[PDB]
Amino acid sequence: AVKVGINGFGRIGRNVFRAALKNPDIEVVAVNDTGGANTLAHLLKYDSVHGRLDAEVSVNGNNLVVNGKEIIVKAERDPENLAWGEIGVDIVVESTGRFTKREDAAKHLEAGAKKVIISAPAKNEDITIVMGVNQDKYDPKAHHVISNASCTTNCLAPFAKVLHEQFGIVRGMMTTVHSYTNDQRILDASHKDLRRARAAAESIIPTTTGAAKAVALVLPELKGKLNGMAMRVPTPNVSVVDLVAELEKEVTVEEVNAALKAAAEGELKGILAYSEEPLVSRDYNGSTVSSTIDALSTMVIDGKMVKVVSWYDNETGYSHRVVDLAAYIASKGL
């Protein structure tokens, strides 16, 4: 139904596409990137991380074709030159990683979009939503530049409000052992971040993250209670959040675990999941959910300090969320 256009057909841009391939409620009609249609078609069809695209992929001049549907390929390095209105695009997915400041994202509105979704933490955005935590706070007539936050945050928010609603978080620290992304370097090179300037596939890399405190944007009640860091390791995909929290109540591992298992099958069904199996990162490559609790890992100390570990496919889970936000936003009418 709703027509979508993607700006930056990259790891998140093509996976959002693959995700949207299914959902007939939305319709990807155009993509924009610095590459040629012939390159974008190849990278869309063969993925080193998720395999082959099961669909018919081809080029019609300078236009993509996938299962009959022809997709428009644009190449404006400047969003203002996009002409969304012309082609009739309603919602635009801003996944270049270059336009997360309102000042660059709003161009899409001026060019004729109705709404804009930023697949990363934005600046001066109208609102930040984590499907499962605050999508209910989306005002159609007031919010147009929308941020879907970061993958880590989408992973941590769901199980944080659940421990908070039932036991109440006093404070907590989080680490994310995360897979390397295209923002790091193959071999040693310059990066605004001297950590990320180091060969990504050779070391464990300490780095910062805004995910933990940015949780207060979706769950205000937790403002100033969390903080955290990250560590990039030698795997191309899949991450795991590690949270240690000081609880307001005395629990047992069996209590902390039943809570999450309840919400995962209840309120949070489809976004939050639960597992009692001893799985490893490769096992989660393809997981469309945001957060998967590893029950075998839950621990409690003195009945008041808890450790909850949760998995998350940083490209797929996150890619299915962008598409879920698109449809939600859409259903509220543009």
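Numbering starts at 1 and runs along the sequence shown.
- Judged by mean Cα B factor in the deposited record, 55 to 63 ranks above the other of 265 to 273 and 55 to 63.
- Mean CA B-factor, 325 to 333 versus 2 to 10: the higher value falls on 325 to 333.
- Annotation for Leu243, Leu82, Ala259, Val145: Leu82 ranks highest, by Cα B-factor.
- Within the group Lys74, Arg185, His108, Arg98, the record's highest C-alpha temperature factor is found at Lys74.
- When all modelled residues of the chain are sorted by CA temperature factor, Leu217 is found within the middle third.
- Annotation for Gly228: CA B-factor lies in the middle third of the chain's modelled residues.
- Sort the chain's modelled residues by C-alpha temperature factor and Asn38 lands in the highest third, per the entry.
- In the PDB entry, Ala20 places in the middle third of its chain by CA B-factor.
- In the deposited entry, the Cα temperature factor of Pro278 places it in the middle third of its chain's modelled residues.
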